[PDB]
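> Could you work out the structure for the sequence below:
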Amino acid sequence: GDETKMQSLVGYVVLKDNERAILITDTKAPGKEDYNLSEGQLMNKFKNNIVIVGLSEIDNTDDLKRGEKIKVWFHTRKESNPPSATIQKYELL
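Residues are numbered from 1 along each chain as shown. For reference, the structure is listed below:
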């Protein structure tokens, strides 16, 4: 038997509300003006480079802010486009 292996991914926080955050996962960090785009516009510009992270399981997300680069941990991705996952932990990079 071995320890529970969790998945992880890195991305930049572009939108954050009390229930979820939208992360961009392109190599380069989003440009300053990408932070005035709507969710619909982000979906178009960063197609296949977006992840939605559900924050219901995190005790406090006050420090999870737009512009932060983070690593998130989760068990599995939901069957969605963009992919989405309920995260168990995050780390500010």
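> which residues in this structure form strands?
Ranges of strands in the chain, per DSSP state E, are 7-16, 20-24, 50-54, 69-74, 84-92.
> Does anything pack onto the third one? Which helices or strands?
This points to strand 50-54. If you count contacts as 3 or more CB pairs under 8 Å, 6 or more residues apart in numbering; DSSP states H and E, strand 50-54 packs onto strand 20-24, strand 69-74, strand 84-92. (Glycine included, C-beta is placed from N, CA and C.)
> any residues touching that strand, and which ones?
With contact meaning CB atoms under 8 Å, 6 or more residues apart in numbering, strand 50-54 is reached by 9, 11, 19-25, 42-43, 72, 74, 80, 82-87, 90.
> got the angle between it and strand 69-74?
If you take axes from the mean of the first three to the mean of the last three CA atoms, to 10 degrees, strand 50-54 sits at 60 degrees to strand 69-74.
> Also the longest one?
Between the direction of strand 7-16 and that of strand 69-74, the angle (the same axes, to 10 degrees) works out to 120 degrees.
> so residue 52 bridges to which residues?
Taking DSSP bridges as the rule, residue 52 bridges to residue 22, residue 84.
> before we move on, back to that, make a ChimeraX selection of the buried ones in the contacts of strand 50-54.
In ChimeraX syntax, the buried subset of the contacts of strand 50-54 is picked out as below (16 or more other CB atoms under 10 Å):
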select :9,11,20,21,22,23,24,42,72,74,82,83,84,85,86,87,90
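> Do I have it right that residue 82 meets residue 44?
No. With contact defined as CB atoms under 8 Å, residue 82 does not count as touching residue 44 (11.6 Å).
> tell me the contacts of residue 61?
Residues counted as contacts of residue 61 (CB under 8 Å, 6+ apart) are 16, 18, 21, 55.
> at 7 Å what do you get?
residue 55 (CB atoms under 7 Å, 6 or more residues apart in numbering).
> Phi first, then psi, for it.
phi -120, psi 30 (degrees, to the nearest 10).
> All further residue positions should be reported with the first residue as 50.
Sure, I'll start counting at 50 from here, so that last one is residue 110.
> which stretch among the strands of the chain comes nearest residue 81?
Proximity to residue 81 (CB to CB) singles out strand 56-65 among these, at 11.5 Å.
> The closest one versus strand 69-73: what angle between them?
Counting by the same axes, to 10 degrees, strand 56-65 lies at 100 degrees to strand 69-73.
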